[PDB]
Amino acid sequence: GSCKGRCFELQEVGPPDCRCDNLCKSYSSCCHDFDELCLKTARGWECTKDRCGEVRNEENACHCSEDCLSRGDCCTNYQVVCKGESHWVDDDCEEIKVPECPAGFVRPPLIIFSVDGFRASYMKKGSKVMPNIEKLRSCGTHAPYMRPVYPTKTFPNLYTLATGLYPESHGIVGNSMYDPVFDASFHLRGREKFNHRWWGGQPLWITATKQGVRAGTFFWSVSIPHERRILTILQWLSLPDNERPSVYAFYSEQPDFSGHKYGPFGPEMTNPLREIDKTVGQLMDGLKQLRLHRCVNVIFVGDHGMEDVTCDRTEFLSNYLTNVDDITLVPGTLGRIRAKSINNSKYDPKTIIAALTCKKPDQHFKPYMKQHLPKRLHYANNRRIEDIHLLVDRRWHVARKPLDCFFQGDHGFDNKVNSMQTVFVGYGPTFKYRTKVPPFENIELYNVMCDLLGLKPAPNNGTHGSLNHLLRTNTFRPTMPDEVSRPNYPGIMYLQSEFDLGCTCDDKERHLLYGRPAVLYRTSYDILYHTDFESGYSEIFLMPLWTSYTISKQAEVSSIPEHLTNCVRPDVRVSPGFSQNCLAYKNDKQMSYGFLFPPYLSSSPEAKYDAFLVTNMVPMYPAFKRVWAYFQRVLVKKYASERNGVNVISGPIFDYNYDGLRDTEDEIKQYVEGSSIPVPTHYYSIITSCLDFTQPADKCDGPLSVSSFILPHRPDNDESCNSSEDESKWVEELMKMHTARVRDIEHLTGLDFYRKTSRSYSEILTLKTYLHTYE
Ligand SMILES: CC(C)CCC[C@@H](C)[C@H]1CC[C@H]2[C@@H]3[C@H](O)C=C4C[C@@H](O)CC[C@]4(C)[C@H]3CC[C@]12C
Ligand SMILES: *[C@@H]1O[C@H](CO)[C@@H](O[C@@H]2O[C@H](CO)[C@@H](O)[C@H](O)[C@H]2NC(C)=O)[C@H](O)[C@H]1NC(C)=O
Ligand SMILES: CCCCCn1cc(-c2cc(=O)c3c(O)cc(O)cc3o2)c2ccccc21
Ligand SMILES: [Ca+2]
Ligand SMILES: [Ca+2]
Ligand SMILES: [Zn+2]
């Protein structure tokens, strides 16, 4: 019934003994004396010279008594003021080669310092307003920025951070959520968020406790001031080895709060950024007091950035739809449209998005069926994610009615938007000294954090080892996956006369730079060699899985000879039974065909004939052919001209269940008419070259540069409002919106790339997780 000596305990209490927890206020279960005993504030949070040696007065917020550090409740500045010790920030950075921890510490403790809406750019704008944060960044390990997940909202990103899962896998797909199985709605305000049914995956505090590592409460009630959070964590860290947690978490509502009201770049942002730094100096001044400042690994990390957004730049559905009253919309920086199923006869998904498509000359949102959203967002495979999505342009909002400024800043946009980028910093013995690392995605932190705790990570969407360059120790050693299916290498097995495919034609080492892609599923494929390209032909999918070729910088482009314009030749190396039939494409009136290796980049007039081989043909819609033709005839040579050659790996992807995973033969829903030939949901291409552009791609002795895409194989070009103009106007913009990581293609193909490079597997992993933003 009382909180005496019970304040901020870690005791797991189901009913009934009343509560003194860090979250007792959010639950309303605080024992009554929590405010007086636990939420002390008297005499502030910093020692003054007059308070030094003071007799202990329990009522003071913190203590400057000589018994204070025996009790572990000194103000964080006790030794600075009282014992004449230097502020951590004023001390010069010294490398922490080994963790200098008290005896009995089994693990280097870990502290996660989370900050809401910390734009990556704030770091510069504040080298002098954030002296403590800047010493952690300069002397520890830091990235220029960290990519948040989409939606770039607080809960999806904080839980992604806790799980290493995309929102669609852990289920916090948004700050607000309807779940049809539950018939219930989740909101940032309410007690529904406290129900465990919403929270999938395995968050870091569960991974640790299940493995015998104790955790402090990652969640703080807002009524608990930040200073008191720093004192509690510093107090948990003084507990005996039995009770002492290994991992801790501090959260700041700032600067998201001020970035919302005043905007991201207001001069008013400064003092928020300074308040945060003082809370860092309190933690590091606190840690140094405990002589834990060279023992604890500290992570400074945000959830998302802040963008200039005002209620003035708001598109209203009522201007595009007829029955805005028969729809539910999750509004703002992203759109989700569901049917108000009651009074909802007229609601038809197809009519809705047609009415929202390219209706205004400068439409600041695009409709999207979730499945057609860019694959790099991985935002479709959850029942809480509505089919209809509105991808809103940065700096804009979407709302139902004009009747829905108080805010100059907001966020939630696409996660490639630079204003949505956030910060990561690592400081401590397991982290690297004075070291910098490339921007990485926040789905990879979970593995690093398990590593820093010696925890076996739960299955997640990070690529374990992609971030080993962050750490001096706690090494996780990645191993290349093993080839499941092995390639058959066919020869001239059959005769041109044995083929009755209805295919007609007026016939008459350099390309596999980084080794053969591994096929990591059970199938039957043939490596096919040609002058200009190499391919792995799926006898199951009657198409190549991968097609690899190299186009040098000086390469010439050539037109399709008009006598071969509709030429499809039969490959003697592969069975009539394991080949497509041109007849199918004739019958299929909406389906046409394309080629993985472009005939435009043939090396000779004679070589070009290979490009017309039936084993290089794939189902392509006439609308997509516009996109692919442009990429093949124009952009490859352009990339080669810019990057001093490029190796290219193109192919099909099948993901009708939009799970981001290779489709099985049964998962395929669309085939060519009367054919066993599958229609891909997307086409991919991996474009690689030497990061050192003075070295051609084929003679590259160092790091690699890649850009990749997963272009959607759509029967129309309605995604492109400028599709009517020349492809010079729209194609590349489309391909930029569907930038992809090689990793993302590996999942969608079951293929493993870069297995035969000169680089370490760690580097290559880092390379497969890279996403070319074009921002
Ligand atoms: C009102 C705000 C100040 C706080 C909101 C807190 C809420 C999001 C947090 C508080 C307790 C959290 C759960 C707790 O850690 C136990 C686990 C079990 C694990 O398997 C999945 C996650 C889960 C349920 C946490 C979910 C988030 C919770 C409810
Ligand atoms: C993100 O991680 C989850 C966790 O593994 C992946 O979902 C699992 O995938 C495996 C492999 O196919 C299945 O055996 C599991 O059944 C899946 N999860 C569950 C709960 O069943 C998910 O595929 C990953 N996402 C991506 C895009 O790779
Ligand atoms: C290794 C994992 C690191 C992530 C830590 N992490 C902190 C959360 C947090 C804590 C609060 O105290 C809080 C608040 O006081 C007000 C508010 O609006 C939101 C708030 O969220 C949070 C939530 C969901 C998943 C993860 C989380
Ligand atoms: Ca990954
Ligand atoms: Ca799939
Ligand atoms: Zn947030």
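X-ray crystallography is the method the PDB entry states for this structure, with the resolution given as 2.53 Å.

1. Focus on the coordination of the calcium ion (ligand 5)
Taken together, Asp655 (OD), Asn657 (OD1), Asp659 (OD), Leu661 (O) and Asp663 (OD) make up the full set of protein donors to the calcium ion (ligand 5), lying 2.2 to 2.3 Å away. Donor residues binding the calcium ion (ligand 5) come from one chain and are separated in sequence as D-x1-N-x1-D-x1-L-x1-D. Look at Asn657 and you get partly exposed, because its relative accessible area is 24%. Given a relative accessible area of 41%, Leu661 falls into the partly exposed group.

2. A word on the packing of helix α5 (residues 131–139) against helix α11 (residues 270–289)
Two elements in contact, α5 and α11, have axes separated by 7 Å at closest approach and are oriented at 65 degrees. Every residue of α11 that contacts α5 at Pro131, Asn132, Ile133 and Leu136 is listed here: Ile276, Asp277, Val280, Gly281 and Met284. Class assignment for the residues of the contact of α5 with α11 results in 6 nonpolar, 2 polar and 1 charged.

3. What about the packing of helix α9 (residues 226–236) against α11?
One way to put it is that α9 packs onto α11 with a least axis distance of 10 Å and a crossing angle of 20 degrees. By the angle between their directions, the pair α9 and α11 is classed as roughly parallel. Of the two elements, α9 crosses α11, and the hand of that crossing is right-handed. On α11, the residues that touch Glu227, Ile230 and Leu234 of α9 are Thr279, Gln282, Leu283, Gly286 and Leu287. Looking at the contact of α9 with α11 residue by residue, the class counts come to 4 nonpolar, 3 polar and 1 charged.

4. Focus on the side chain of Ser720
Mapping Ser720 onto the fold places it in the loop between β27 (704–712) and α17 (727–737). Once residues within four sequence positions are removed from consideration, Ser720 is found in contact with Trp730 and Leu734.

5. Here's the deal with the domain arrangement of the chain
The assigned domain composition of the chain is domain 1 (109–165 + 201–308 + 414–477), domain 2 (314–413) and domain 3 (496–769). Once you take the C-alpha centre of each, domain 1 and domain 3 turn out to be 41 Å apart. Carbon and sulfur atoms supply 54% of the area buried between domain 1 and domain 3, which totals about 730 Å² over both sides. If you sort the residues of domain 1 by the area they bury against domain 3, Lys416, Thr463 and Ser466 come out on top, with a joint share of 47%. Between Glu441 and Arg741 there is a salt bridge, and its shortest N-O distance comes to 3.5 Å. Connecting domain 1 to domain 3 are 3 residue pairs in polar contact. Split by residue class, the side of domain 1 that touches domain 3 holds 1 nonpolar, 6 polar and 4 charged.

6. Section: the site of ligand 3
By nearness alone, 14 residues border ligand 3, and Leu158, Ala162, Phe219, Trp220 and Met449 come closest of all. Between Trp220 and ligand 3, the recorded distance is 2.7 Å, taken from a backbone N or O atom to an oxygen atom. For ligand 3, whose accessible area on its own is 600 Å², the fraction buried by protein is 89%. Looking at the shell around ligand 3 element by element, the count peaks at 4 residues for helix α6 (residues 154–163). For the shell around ligand 3, the per-class residue count stands at 14 nonpolar, no polar and no charged.

How each quantity is defined
Residues numbered from 1 in each chain as written, not as in the entry; some residues may be left out. Chains lettered and ligands numbered in written order. Heavy atoms only, no water. Donors = N, O, S within 2.8 Å, 3.2 Å for Na, K, Ca; no water. Buried < 20%, exposed > 50% of the residue type's maximum accessible area, 1.4 Å probe, protein only. Axes fitted to C-alpha atoms, helices over the stretch in contact; angles between N-to-C directions. Helix = DSSP H or I, 4+ residues; strand = E, 2+ residues; numbered from the N terminus. Contact = heavy atoms within 4.5 Å. Nonpolar A, V, L, I, M, F, W, Y, C, P; charged D, E, K, R; others polar. Parallel < 35°, antiparallel > 145°, perpendicular 65-115°, else oblique. Left-handed = near helix turned anticlockwise from the far one by under 90°. Domains from an automatic or database assignment. Buried area = accessible area lost by both parts, 1.4 Å probe. Salt bridge = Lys/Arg side-chain N within 4 Å of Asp/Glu carboxyl O. Polar contact = N/O pair within 3.5 Å; in protein donor to acceptor, adjacent residues only side chain to side chain. Near = heavy atom within 4 Å. Areas by Shrake-Rupley, 256 points an atom, 1.4 Å probe, with all protein chains shown as cover.

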